[PDB]
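Single chain ahead, written as structure tokens, the form deposited in one PDB entry.
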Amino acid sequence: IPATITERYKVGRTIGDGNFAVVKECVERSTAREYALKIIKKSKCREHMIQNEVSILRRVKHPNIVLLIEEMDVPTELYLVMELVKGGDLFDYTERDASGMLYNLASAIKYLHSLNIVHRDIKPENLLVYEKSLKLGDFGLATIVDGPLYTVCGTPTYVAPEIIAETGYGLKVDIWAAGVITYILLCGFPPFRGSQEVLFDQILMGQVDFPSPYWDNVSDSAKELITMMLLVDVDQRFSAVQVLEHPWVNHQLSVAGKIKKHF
């Protein structure tokens, strides 16, 4: 850790240990304010999968997206001081609670889409909870849409069918991932479960089903919203605006004791 960081910040324990970065909690010495420190290891050769994610982060300012406070660039790694969300991810209850979560998620997705940004890795692990409100994070896979995209990326559970097809995709792959998440929030398991290729062939059909007994006491409005969010026809599929105008975003759920089993 370089002296430039420690002069102003006090790095602490590790709260995020992915394969692509390290996150730690830290305190600004001047103001005794908590923040998060993202440490991104650079390639041993002296670069654009890091710079791009930073270029994205300098443009995003929304109450439902983890905020970039400041950045320090160093030869071996790049240090990002970001806002700290102390609640944990989506894993860490009612249709009323879940509907507010999609509202936060769709407000972020709507904001990003106005800047032609596609997140391409929206999943529960990348959604953080303030004590509830959600905040979207990890813009490593985000990119600006200037044309159809053909790169297959993201965790296969939340990947849209047109990504699997490799025919071209765009801004509406984030609505699909949000639909899968909302589906999970209501019953605790994913719409397409598979049995590696079986999952891909299942998603490509796009048969969203609400089985019994889990989906019996969930409103038809949520079913209608989820079905419109998970439409294989991209043109028909809902936009972030269409999701936010839906009445379900504007009854206890037996969901936890099954999220721990499936994930």
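Between two forms, the rigid core is the largest collection of C-alphas that superpose within 1.5 Å. Note that residue numbering follows the sequence shown and begins at 1. Shifts are known only where both forms have a C-alpha.
One more form of this protein, deposited in another entry, exists but is not displayed; see below.
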query: Displaced position between the shown form and the other one, chosen from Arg33, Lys223, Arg59, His62 (C-alpha, 2 Å or more, rigid core); finding: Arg33
query: Rigid core fit then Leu78 CA moved by 2 Å or more between the shown form and the other one; finding: yes
query: Pair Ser30/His62, Cα separation in the other entry versus the displayed form, closer or farther by 3 angstroms or more; finding: closer
query: Consecutive stretches, 3 or more residues long, displaced between the shown form and the other one (C-alpha shift of at least 2 Å once the core is aligned); finding: 1 to 15, 21 to 33, 37 to 41, 72 to 79
